[PDB]
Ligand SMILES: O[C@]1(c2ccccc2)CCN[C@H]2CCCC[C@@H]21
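This document opens with one chain alone, in structure tokens, the form solved without the named molecule.
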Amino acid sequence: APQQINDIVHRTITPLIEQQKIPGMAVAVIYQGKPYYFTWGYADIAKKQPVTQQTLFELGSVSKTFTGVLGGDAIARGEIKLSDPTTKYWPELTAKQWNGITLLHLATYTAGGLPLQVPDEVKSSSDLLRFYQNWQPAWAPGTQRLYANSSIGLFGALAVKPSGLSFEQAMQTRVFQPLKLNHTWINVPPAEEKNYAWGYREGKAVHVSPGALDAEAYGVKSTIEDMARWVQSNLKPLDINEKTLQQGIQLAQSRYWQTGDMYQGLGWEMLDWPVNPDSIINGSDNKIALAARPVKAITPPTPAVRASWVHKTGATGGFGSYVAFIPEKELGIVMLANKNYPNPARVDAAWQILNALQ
């Protein structure tokens, strides 16, 4: 790697790892379209296994970017439309509060207050139906944004129904395989367990637990190499040969709603570049990112703006991840760690690195 990339990365990440006590970390910088990789520390403390470019990390909510792109692919395939009512794909959803709630509302957290978490009590398909039938919106559709697994998770499950495929099968065949993400998984195979890092929470080794809509909302595990490739694909959709996936990537970066300085895409979130760093940094703190906020509709949605800071934070109980990229500069970063450390620290480090290279 160019010494300039080496210098800013090490000068930024070394202090970060010490201040946050991160056991292991992998970082990729995409610079003029080329990836450069960095690793530190331990994938497994107990067995002294180092983090490598093949270590799998839990992406948590960065998984929602794969869900949003897979949904965009279904749109491009003509299988679903964002302007279609939720009940078109779940007719058993007969409760009257669902009138007027479209797939767009589900994909973008604007259904009217769907909860952040699906309740642990919810498991079976009939358990989920009962949960959404009984749910009472606090707001009319399309008026407030409340970040929610039960929202985009449902979007993901419904968006693959016309394909007839399972959500995982659709993700593998329409997103992972065409993009050569050959070490990215909803379920980690036994052959790959040697590369699966442990997450660390209060010093205990943990992996994510199964839960309703986990695949759709926080279920992807991946390597720094595949995530670099994920970033490259989202920086330059036009180089992707499968037409509907290229189009679905563009749809996931369209701007559907605005709240404050931020624009909601499908999974991805976007701000105009150049950004005020305090705006994305403080904006990422859960105090703000998880709050109920009124939204302005963007009518009709703005297509992917190349002068944007496109990003997603993501966490599990034992992992913390961040992706950000600026399509206009062919510049991006992936930060994967096996500790859940605060979002603003992630974004601040990412901004220092990317601002130095832009």
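Start at 1 and count along the sequence shown; that's the residue number. In this text, rigid core is short for the largest set of C-alphas that superpose within 1.5 Å between two forms. Only residues modelled in both forms are compared.
Although not depicted, the form deposited with the named molecule bound is the subject of the following passage.
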Q | Contact assignment for the named molecule in the bound PDB entry, among 228, 159, 171, 106, heavy atom within 4.5 Å | A | 228
Q) Just one of 70, 323, 30, 27 has a heavy atom within 4.5 angstroms of the named molecule in the bound PDB entry, so which one? A) 30
(Q) With the named molecule taken in the bound PDB entry, which residues across 32-51 come within 4.5 angstroms through any non-hydrogen atom? (A) 33, 35, 37
Q.
Where exactly does the backbone move between the shown form and the other one? Looking for runs of 3+ consecutive residues, each with a CA shift of 2 angstroms or more after core alignment.
A. 288-290
